[PDB]
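Read on for two forms of one protein chain; each stands alone as structure tokens, with the labels structure 1 and structure 2.
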Structure 1
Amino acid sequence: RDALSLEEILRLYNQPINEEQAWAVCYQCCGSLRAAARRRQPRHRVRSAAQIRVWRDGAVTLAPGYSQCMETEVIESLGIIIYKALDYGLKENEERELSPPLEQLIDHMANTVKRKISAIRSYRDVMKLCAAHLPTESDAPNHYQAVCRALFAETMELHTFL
């Protein structure tokens, strides 16, 4: 229709996502999560890749102060899922060497941890590490949206034509 889950995406290629797509999904997903928080929609954890929806327009959404789910738990469940997607279907021996800025983003999201950075406390924090990946940080909104739009268009050519 207008969205593909990250789980359908991984099954269609039978390959992992690439590094740019990981940065993009974190940024886009965190922007949606931050907007949902403001609309006071309820926080929930990313239990699996099936909950991460990439849309035709490059949005990434998450399908079903202090409360029963902190921002950092949501962010940790996201960095774990993105780690899984970067590692999708690879033997232990053909394991993945991530560029240091990315490994470090994911570590700090997952709580699995200038060479060393600070702790992440919020969606904004994650989106700023993502921006910092670009030579011109003000390009991030358009850039990460463009990455996911491309990923959606590419993956629809396999989803529509099994």
Structure 2
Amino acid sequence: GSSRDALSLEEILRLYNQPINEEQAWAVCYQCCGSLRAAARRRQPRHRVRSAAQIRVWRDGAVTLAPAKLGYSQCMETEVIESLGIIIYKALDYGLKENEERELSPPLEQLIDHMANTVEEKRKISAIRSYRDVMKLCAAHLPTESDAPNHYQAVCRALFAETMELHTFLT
């Protein structure tokens, strides 16, 4: 392997040969939504997350979506959030048998149910309309919500460092 500054979530899963943990799921969600919110503000077009290969985790803890007011366009925020929600659940389910299901903490399960529009605060949360809505739910996972920006960067920084050693050195 050769050392670089980003790995895809697909590569991360392949290297681990196991699913991501719950804290990593919250972190990728928060960090990727932050990147997407900023990209939209700078008028880069929205597009959907088609697969885990498109999600890039960086050395400094950033998470971005690789390339292919603006409130309405050919790709709405909720569509991007849905596609991200589905990919995050696949990452949490990675390698499990079809007849097994992971027992997620209720607030993480709820976040994902609402991201993915699979819903059929203790019963149901307000519908997610924006990247900021998702980020606020991830911040709420923490006892002190103002810790979120630093915390979720630190989570992805560690995930990168840990998998980069497998990337560089696994044969």
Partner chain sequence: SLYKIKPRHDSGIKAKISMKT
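For clarity, a rigid core is taken as the largest C-alpha set superposing within 1.5 Å between two forms. Structure 1's sequence is the ruler for residue numbers, which start at 1.
Matching the description of the form solved in complex with the partner chain is structure 2; structure 1 comes from elsewhere. In the core-superposed comparison between structures 1 and 2, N93 has its Cα shifted by at least 2 Å.
Superposed on the rigid core, the forms differ at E19: its CA is offset by 0.2 Å between structures 1 and 2.
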